[PDB]
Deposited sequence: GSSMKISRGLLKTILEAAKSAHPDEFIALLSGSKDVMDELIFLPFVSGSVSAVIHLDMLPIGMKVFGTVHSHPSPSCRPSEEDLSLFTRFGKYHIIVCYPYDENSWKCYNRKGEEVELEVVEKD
């Protein structure tokens, strides 16, 4: 398709990072080249061609839905924003646009 894409490898990395971070909220910037998210810009959440597609963060609760706070984060920068949630299984994730609307990510 012609929508944003994400590598299965990055999803695995993200979900494992979330599991490792639990119960804290893991957060990082989604990056890569062309039209595929396949790299991460790690951020201190614990107490050529490269581009920043947006952000990804985890929820320690079983909800992958965004809060009002998340919407304010999504609007600051980046086109895409992923939220992963407990139990962090293969399908425990959802992607949203800069406005908080759920959008697709083709897994490649």
Chain regions without C-alpha coordinates, deposited sequence numbering: 48-60, 122-124
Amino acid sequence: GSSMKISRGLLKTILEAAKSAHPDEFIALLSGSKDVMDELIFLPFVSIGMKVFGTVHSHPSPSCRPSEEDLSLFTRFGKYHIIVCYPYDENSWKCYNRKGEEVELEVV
From here on, numbers count along this sequence of modelled residues.
Per the entry, higher mean C-alpha B factor between 79-87 and 49-57: 49-57
Of 30-38 and 64-72, the stretch whose C-alpha atoms average the higher B-factor in the entry: 30-38
Position of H22 among the chain's modelled residues by C-alpha B-factor, lowest, middle or highest third: lowest
